[PDB]
Each structure stands twice: as C-alpha cells, then as structure tokens.
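Read-outs: derived from the displayed coordinates by stated rules, not from any lab. Cβ: placed from backbone, ideal geometry, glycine included. Neighbour counts: every protein chain shown.
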Amino acid sequence: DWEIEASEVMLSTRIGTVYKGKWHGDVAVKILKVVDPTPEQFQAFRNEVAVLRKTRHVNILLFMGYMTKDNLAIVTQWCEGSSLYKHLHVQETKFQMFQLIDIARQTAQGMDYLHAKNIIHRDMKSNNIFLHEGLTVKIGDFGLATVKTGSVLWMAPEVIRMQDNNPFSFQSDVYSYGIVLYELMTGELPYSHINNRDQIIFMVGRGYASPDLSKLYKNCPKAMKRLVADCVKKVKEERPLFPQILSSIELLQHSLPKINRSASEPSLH
Amino acid sequence: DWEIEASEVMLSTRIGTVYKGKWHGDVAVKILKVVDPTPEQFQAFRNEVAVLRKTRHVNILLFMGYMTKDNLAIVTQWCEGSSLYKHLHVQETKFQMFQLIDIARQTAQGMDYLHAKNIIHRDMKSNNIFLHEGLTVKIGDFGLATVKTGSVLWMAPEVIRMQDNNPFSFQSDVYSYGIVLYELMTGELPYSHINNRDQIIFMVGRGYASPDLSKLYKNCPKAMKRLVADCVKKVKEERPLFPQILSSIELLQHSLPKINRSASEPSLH
Amino acid sequence: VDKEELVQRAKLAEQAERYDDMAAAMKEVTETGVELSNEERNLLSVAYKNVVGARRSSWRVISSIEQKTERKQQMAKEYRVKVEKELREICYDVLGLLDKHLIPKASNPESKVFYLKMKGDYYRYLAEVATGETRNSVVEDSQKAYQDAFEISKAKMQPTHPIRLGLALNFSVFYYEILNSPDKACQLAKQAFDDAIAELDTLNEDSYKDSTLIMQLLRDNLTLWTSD
Amino acid sequence: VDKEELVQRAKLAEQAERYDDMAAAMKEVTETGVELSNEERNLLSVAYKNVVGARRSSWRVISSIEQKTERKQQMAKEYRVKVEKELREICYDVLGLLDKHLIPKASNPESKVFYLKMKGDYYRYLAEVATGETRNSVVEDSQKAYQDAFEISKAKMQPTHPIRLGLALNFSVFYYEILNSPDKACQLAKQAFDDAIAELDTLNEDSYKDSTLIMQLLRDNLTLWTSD
C-alpha cells in the first residue's frame, strides 16, 4: 500500500523526530524517536496513518507514505515557507488587508474538507498553518487528529475543562480557526500583556475573562468584527459551523476593496 | 472510500468533460461526457481511479475523489497557472536559464515518484505539465496511465511502431521527459519548419530522421547538451533511467551560475 | 525635416530611463508647429506623466514625513516648498504648451478630447497641492476642461474607446479626491461602466485587451469609494 | 551647528527618493571640515552610489541600443557622449572630494580602508567607460587605491568584517571586468572566502547577517567566472 521500503530513503538533517531528507524528491520524515514502540504507541501511529490516508486536499500537508522497518515514520510533503508563527510576530511580515483575508479563506476551505471527511484536527495553533510559497496555506501535523500545554492561547475553554476528557466536537475546531483568524487579523497576541499562563488559562478556561477584541485594525470592515465575535464565544452549543463560516468569509472577501488609494489612468505605452 | 456524494458538488463552468467548480474549495471535476458507461468505459474509469489512488506527490495533480452517481467523474485539484504549452511559444514567457533548470528537475522528480510506484504515465506532452503558481510543476491527466494523434512531436518512435501495441516500458517515459526537456530548454518546437504531420511522423517513427538539437541556447553548459542527446536517441534498449537522469540534472543545477553579469557590493543601508 | 530626429531622440531617452531629455525633445517637436500623430502624442503624454509622477511621489513622501513632529518641521516645510516649486513649474509648462500650440490646432475630435483630458489632468495635479484662491481657480479650470472633453466624447467618440474610458476614470477620481463630492464620482464611474459593458460584446481582441485595464481600475476605485 | 541640519536634510532627501539633494547636502557636510561618523559616511556612500548607478545604467542601455544599426548611429553616439560627460563630472567630483577632505584627515584604519575603497571604486567606474591613456591612468589609480586599502585591511582590520569582504568583492570584480585577468580575481575571491569561513564560527547574529550577503555575492561571482 503506502508502505515504503526503508532502504530507499535519505535523512539529511535533524531540523524537527522530523527528519529533512529526500525521497524521489525533498520530503519530510517524522521518525518515531523511540526505538521500541509500546502497543499504545503503535496504536497511536496507526491512528495517525489512518487519519492521514483519508486527507487529499490542496490546503493540507500531503501524505506520501509510512515506513515501519526498524522505526516508525510518516513521509510527508516538504514545504518551503515559514509556519506563519514567524510571520505573525517573530518575522513581522505585515501583510496587507487584501492578502490578509485570503489566508483565512484558505484555512477555512481546508478545515471544511477535514470536517467533511469526518476528520477532527483537534487542537491547532498558528504554527501548524504553513504559509507555503505564494500565500498558499497548508494544514500541518495531525498528531492529535482522531476520526470520531506550553501555549494555551489558541485552545478552547471547553477543551481545557475535559471533565471526562472524552468529547471532541466540531465547535472546538471552529474556535481554533476563529482564534487563528483573530491572530491573523490583528497580527498580535492577546494575553501577552502578562506572563502568567496558569492565571490566564484559569480566567479563560472557566469563563472569567475573554480575549480582548479591540486590538483589530482600522481598515477591517464591520462584518469581519461580527464574524470574529461569533467565532470567539464562551458557549459553543451552536457555534456556527465551517460551511457557513466559509460562506461568510467568501462573501466578505467579495465586498472588500483591494487598493488603499484611488488610482487614475496608468502610463500610456 | 474516495466516493463522494453527487449532491455535494457544484459545476461552475465548462472549460474542459472537465468542469470547473467548487467542492469544499475550488476543484476540477472531469465528467465522463457520455450518459451510458459501456463495460469497457467503466473498466477504463476504474483503471483511472486505481492509477490515481496510488499517486501522492507534490509534483502530481492531486486526486480528491470520484463521483459515480448518474455520471462518472474524478475530482482533482484545481491549479491556477498555465499548462506550460502557452509559456512555451503561445505566451512566450522567456524564462531565464537558472529558472530553466528547476522545471526540468521538478518534472524529473515527479516522474521518479511515478516510476517508483510502478506507475507509467505513458504518453505526455508539454500541456500536461502544469506550471502552477511560483514555477512549481504538476503532472497532469492520467488518461493513458496504466500500472504494469493530433500532435506527434512529443511521442516515441517505438510508441508509434506498436507492432503488437502491447508493450509500454519506462524508456517511453524517458524520451517523453527528454523531449519535454529540449522543448523547455530551447523555447521552440522541432518539426515546425514544415506542416506535414504524416511525413514527419513517418521519418521520425522509422528512424529516417532525428530532431535537430542545434536550436539550443548559447548559455547552455556542455553537460546539458549531452543529457539531451542521451535522452533523445533512436534506440531505447538501455536509455538511461529516471533515477540517474535526476541525479545528473541535480549535479548540473548545482554547477550552474545564477547571474548573467558580475555583481559588486550592494548599496549600503 | 528634424521631426524624425527629435522623435528618435525622445524614443532613445525613453529607453535610457532619462525622462527629462525625452520631455524636452517632445516639447521641441510640438513647438515646431505641425500636426502630431498618435505615436508622438503618446510619447509626450508618457514623458510628462512620468516626470510629474516622480515629482508628485516625492512630494507625497515629503508631506508624510512633515506630518510627524523641532527644526525638522520647518526643514520639511522648506523641502515641500521646493518640491512644490518644481511641480508648479512643470505643470505650468505643460499647460501653456497645451493652450498655445496643441488644443487650438487640434483637428479631429479624438485629438481634441485627448488634449482637453490632458489639460484637465495637469490642472488636477496643480490642485492636488495648491491651496486657497489658486486652488479654486485651478479646480475651475480642471472641471471646465474635462467637461468640454466629456461633451465631445459623448457627441462623437466611441463608447467602448479606451480614451473615453480613461476620461471617465480621471473625471471620477477628480470628483472624489479634489471636489470632495463622492456621489458624482460614483455616479459617473457607474454610467461609464454600464455603457462599456453594454457595448463590450462587439469589441475586438486587442481593443478588449486595452479597454479592460481601465475597466478594472474603474471597478477598483468604485469598490474603494463604496466601501466604508 | 549646521551639521545636524545638513544630515537631517540628507536623510529627508533619501526618504523622498531625490538622491541629488542628499548628495549635495553630503558634499557640504564634508566640506565643512570635521571628522565624519559611520552614519554620515554611509549616507554619503549610498547617495553617490545611487546617482552614479543611475547614470551608469542609463549609459549601459544607451550603448546597447547604439550597438545595433543610419543617423540613429551618430544620434546614439552623441547621447552616449552626453551621459559620459555627466558620469565623468560626478566621478571627478567625488574623487576630488575624497582626495582633498576625506582620506587625508581620516584617523582610523577602518575609515582609511573605507575611503580608499571608495576611491578605487569610482576610479573603476571611470575606467568602465574611459578609453585610451585616460583609461590606463584611471586603471592605475584604481589598482593603487585598492591595493593600499588591501594592505591596511590585512594589517589591522578584522577578517570577518563586512568592509574587508566588500573590498575583496570589489577588488575581484575590478580584476575580472577591467584588468581582463580572471585568474587573479578568482584567486582573491577564493582566499577571501576561505579566510571568512575560517573565522565564520565566532560571528554574532547581526554580523553574520550582514556578512553573509557579501559572502553570497562572492560565491555567485566565483561561480560565474568559473563556469564557461
């Protein structure tokens, strides 16, 4: 099937577990990193294989194959571009408004495909969203993906609760995309005015506090504000699903202007 | 599996049989175009499905699924870019030499993956090689692909011969890639000095004549001419295989210079 | 006899990225005193547009730096005044040339609408920086000059024509930016767009290709004005 | 007391895309007669480099058009002569300033190597278009100025330093383009590359970041010269 002989692979550098290399082309190989796979680890790796084998989208990191000989590794596509966490604040790229909606629409369309194929990516942050080449967006790792701790900024108040730690519904992914959208829009990070992860996750987990919503840009329309508000809500009983969120983002992209200053006739000849 | 309900699909325009539309994102749907699928047509479409289900490469047009309800269609990724036939002579893009090797290496890498997975793309031309987005190369349709007429310029003399029309080995794909190479290198088309398809295919099919190689560019290294010559040969008993052709193209890309004029110190601050 | 030589020098200066020399050659070729053709007319337009646009971009950046805050404020003021002097000099040069040798001798309506559009343009460039009574006067001249070209365009000049579309685009951007009356600008852009779409079908390939650019700029400006 | 005012005007002219005014302000700020700092020295370098580079690109395009073929030939010759006059004027201006006010008063090896490198550079720009005995003289001056800076760099200046690397790059490109002796250029670039790689490890983040650009240009020129 997708099993690939271990002899026909090359591992160039350790820049990720994940090993940059070549396999009929530049690929990414995620070695297990433990010599012995305990039955639970093997179970997790076959869940990873099964969850990756059902995703084929132009907005999802491509799955190339898995090697099970002497180690467990999943061969995935290699993308030449930052993980969008750098572009957020570390690299400070400062995209324009018209290019700042396309990323949101592409992330929504990929998440749409994931949810349509009954795939829940579970937790996701700005790092897993790879801005590969010319603004194209690729969804990253599926480590927590299941078919039905360092950073707590991009993860749902229900998801911390886990009174039974059984349930994971689509609204968790909805808020994950909404918080990604908020970070993408304002280019900043809430809860960054202070340095107490325990306190911020206590206040946001139990509904004491909400992410601030006033750091957004003067240029963004009122409809974007309503969409982001409907994304970031405390209660997710009927948090609006990904089909209608993609419809709303497409409608708003249609109505947006793509220049900042009125442009006259260009130079003749 | 990859079967997708016919109700959840949209067909915007007829710009291909192939129907531009949306499916959790902009996709391409290749409707069968005949209402009744004879048993042979159904056999061909399951061969297409099987041949597409085994390709997952960043240089191959992505397979999204197949819809079998009231019509047969394969959902494939939609790429925003020319098919490289326009860029060849119709659009006349005139790529530089350093960007003129990357296309060859990427096409060789895609064909490497295809051949490693025991997939023979059979006949291919410059049109099937999609130059999507920032110079990335995607392999196109798999209509003639099998796991083991208008234009005859890019198709092998042995392949026209077909004394039994049974055999189809990897050397056919070699010349397919080699002829795509010179086309890409020279920016022109051989056998275009005249307008007699029957005569040109008679002279090249039976070994009477060969494509001219002297139309190639002055900036070319001597090694590129040697590679193209070893590609376009009359006899394909041991025409050099795709792993070593990719190795040679990678070495020559490494040895190439990427500027035309010596550059001094850039402007300070 | 020298007309070909001057146009040749203008083309060489365009290719050499030195717009001032081509503008000077263009000035001489018109001051000679014969009827101009489309090629030399467009060469004049592109030369003067390039030089004035470079000056205007420099003035915009100068004003943007001046906006922020102590002697730097007055230094930026003097720099803006110098750039204003250069801009006024070039604008008055082209306006006087248009008034004396070009519009009066213009024979065909196509030429008349082009020269009137150019005059309205350069009066708009003057108004973009001019203040007070001079601003009011140049605004009046700008509006009069375009309106006349608009009349000739409606009377004779084709409705899919790139010059008519460009006149509509420039008239609308003048209405929006200078007159501070976005309603008229939006209206004018809308009727121009509607007429062009009405006669879009009969367009040839090349005519479609140049017209669609001004069409797209009309659409972008209309979206920018309609949006909040 | 006026030094800050002139440096502010130079910065404003740089931001406003008008390099001539910043070059003139730079000229005044050095002609005043005090020691210059790194910021104002780099402002001078970038201003003069920008204006001379614009002139040189125009001359290159003019010569390329002139190469093709009848009065076009002598017209292009006259245009090339005019651009040559402007290039010679600016080059002799900067060289005269360098000989009279800058290198003589320079006090730090770093300053001396920078000004000598600039002198050799502008003599190279003169040699790029000069022919005959003038070409020979400017070539000799370029080689002497570059060699003295090379000596002081080897004697004192840090071997990972961006100015040393840039001097090696410019010396190599002079050797290749003007002296028509690619062997010495390849040797010099190779030794500079080797020394920089030898002391590459101890580099800081910022020093790494600026040095690697000149390193990459050295590698590209080496590849271009080595290739057929």
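Based on alpha-carbon centroids, what's the gap between the stretch B:11-32 and the stretch D:1-39 in Å, whole number please?
Distance between centres, Cα-based: 61 Å.
Rounded to the nearest 500, what is chain D's calculated 222 nm mean residue ellipticity when only DSSP H runs of at least 4 contribute -39500 (n - 2.57) each, over all residues?
Working: 9 runs with 180 residues, N = 228.
When only DSSP H runs of four or more count, the value is -27000 deg cm²/dmol.
Give the whole-number value, in cubic angstrom per residue, of the convex hull volume spanned by the C-alpha atoms of the stretch C:2-228. Don't skip to the answer; put the middle values down first.
Values: hull volume 32.6 nm³, N = 227.
So the per-residue hull volume is 144 Å³.
First select every other residue whose beta carbon is under 12 angstrom from the beta carbon of B:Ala108; then total the charges, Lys and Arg +1, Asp and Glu -1.
Working: positive: B:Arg105; negative: B:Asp102, B:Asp112, B:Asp173, B:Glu250.
So the environment of B:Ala108 carries a net charge of -3.
Return the calculated 222 nm mean residue ellipticity for chain A, to the nearest 500 deg cm²/dmol, obtained by summing -39500 (n - 2.57) across DSSP H runs with n ≥ 4 and dividing by the residue count.
On the way: 7 runs with 88 residues, N = 269.
Calculated from helices alone, the mean residue ellipticity at 222 nm is -10500 deg cm²/dmol.
Output the Cα-based Rg and Dmax of the stretch B:192-264 in Å, rounding Rg to one decimal and Dmax to a whole number.
16.5, 55
Starting from the alpha-carbon convex hull of the stretch A:35-177, give the projected area averaged over all orientations, in nm². It would help to have the intermediate numbers written out before the result.
Values: hull surface 39.6 nm².
Reported value for the Cα convex hull: 9.9 nm².
Are there GluC sites (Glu not before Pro) in the stretch A:44-125 that DSSP marks as loop and that have at most 16 other Cβ atoms within 10 Å, and which are they?
Working: sites: A:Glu48, A:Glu80, A:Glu92; in loops: A:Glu80, A:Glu92.
Loop-located and lightly packed - A:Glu80, A:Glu92.
To the nearest Å, what is the center-to-center distance of the stretch C:121-149 and the stretch A:142-177, using C-alpha atoms only?
Computed from Cα coordinates, the inter-centre distance equals 62 Å.
Using the Karplus curve 6.51 cos²θ - 1.76 cosθ + 1.60 with θ = phi - 60°, work out ³J(HN,Hα) for each residue of the stretch C:201-217 in order, rounded to whole Hz, and write x for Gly and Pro.
In residue order, the calculated couplings are 5, 7, 6, 7, 5, 5, 5, 4, 5, 7, 5, 5, 5, 5, 4, 5, 5 Hz.
Can you list the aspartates and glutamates whose alpha carbon is less than 12 Å from that of D:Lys154, not counting same-chain residues fewer than 8 positions off?
Within reach: D:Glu110, D:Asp195.
Long-range amide H contacts for B:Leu84: which residues qualify at under 5 Å (H placed 1.01 Å from N, peptide plane, sequence gap of 5 or more or a different chain)?
Amide H neighbours of B:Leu84, under 5 Å, 5+ apart: B:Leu131.
Residue by residue through the stretch D:24-30, what is 3J(HN,Hα) from phi via Karplus (6.51 cos²θ - 1.76 cosθ + 1.60, θ = phi - 60°)? Round to whole Hz and write x for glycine and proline.
5, 4, 4, 4, 5, 5, 7
If eta is 1.306 mPa s and T is 10 °C, what Stokes-Einstein diffusion coefficient results for the stretch B:85-255, Kirkwood Rh from Cα pairs, in µm²/s? All intermediate terms of the calculation are to be shown ahead of the outcome.
On the way: Rh = 16.5 Å.
Translational D for this selection: 96 µm²/s.
Could you work out the mean projected area of the convex hull around the alpha carbons of the protein assembly as shown, in square nanometres to one decimal? Intermediate values should be presented prior to the final figure.
Details: hull surface 202.0 nm².
With the hull built on Cα positions only, its mean projection is 50.5 nm².
Over all Cα pairs of the stretch D:98-171, how is the pair count split among 5 Å bins, expressed in % and running from 0 up to the last occupied bin?
Over the stretch D:98-171, the share of Cα pairs per 5 Å bin runs 3, 18, 27, 23, 16, 9, 4, 1 percent.
Taking the radius of gyration and the Kirkwood hydrodynamic radius from Cα positions alone, what is the Rg/Rh ratio for the stretch B:10-77, to two decimal places? The partial results should precede the final answer.
Working: Rg = 12.0 Å, Rh = 12.5 Å.
For the stretch B:10-77, the value is 0.96.
Could you give me the ³J(HN,Hα) list for the stretch D:48-61, computed from phi with Karplus coefficients 6.51, -1.76, 1.60 and θ = phi - 60°, whole Hz, x at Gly and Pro?
The phi angles translate into 5, 4, 5, 5, 5, x, 4, 4, 5, 4, 4, 5, 4, 5 Hz.
Strictly over 27 Å apart at the Cα level, which of C:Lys11/C:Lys100; A:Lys138/B:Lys148; C:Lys11/D:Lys11; A:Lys94/D:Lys49; A:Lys30/A:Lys148 would you flag in this model? Provide the component values of the computation, followed by the final result.
Working: C:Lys11/C:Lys100 24 Å; A:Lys138/B:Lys148 33 Å; C:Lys11/D:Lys11 34 Å; A:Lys94/D:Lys49 30 Å; A:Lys30/A:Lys148 24 Å.
A:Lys138/B:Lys148; C:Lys11/D:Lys11; A:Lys94/D:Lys49, as the Cα separations exceed 27 Å there.
List the residues, sorted by chain then number, that are 5 or more residues from A:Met64 or on another chain and whose placed amide H is less than 5 Å from its amide H.
Counting only residues 5 or more places away or on other chains, the set is A:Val75, A:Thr76, A:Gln77.
Given the C-alpha centroids of the stretch B:39-114 and the stretch B:213-269, what is the distance between them in whole angstrom?
The stretch B:39-114 and the stretch B:213-269 have Cα centres separated by 24 Å.
Counting other Cβ atoms within 10 Å, keep those with at most 14, restrict to DSSP loop, and tell me which GluC sites (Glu not before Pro) in the stretch C:138-228 are left.
Values: sites: C:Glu140, C:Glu151, C:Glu177, C:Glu199, C:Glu205; in loops: C:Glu199.
Those satisfying the criteria are C:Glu199.
Check each of the trypsin sites (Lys or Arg not before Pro) in the stretch D:98-185 and keep only those in coil by DSSP with at most 16 other C-beta atoms within 10 angstrom; list them in order. All intermediate terms of the calculation are to be shown ahead of the outcome.
On the way: sites: D:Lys100, D:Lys105, D:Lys112, D:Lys117, D:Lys119, D:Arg124, D:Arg135, D:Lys144, D:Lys154, D:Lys156, D:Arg164, D:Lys184; in loops: D:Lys105, D:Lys156.
Those that pass, being in a loop and sparsely packed, are D:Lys105, D:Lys156.
Consider all pairwise Cα distances in the stretch C:18-128 and report the whole-number % of them above 23 Å. If you can, show how the numbers build up before the last one.
Numbers: 2147 of 6105 pairs.
Beyond 23 Å sits 35 percent of the P(r) for the stretch C:18-128.
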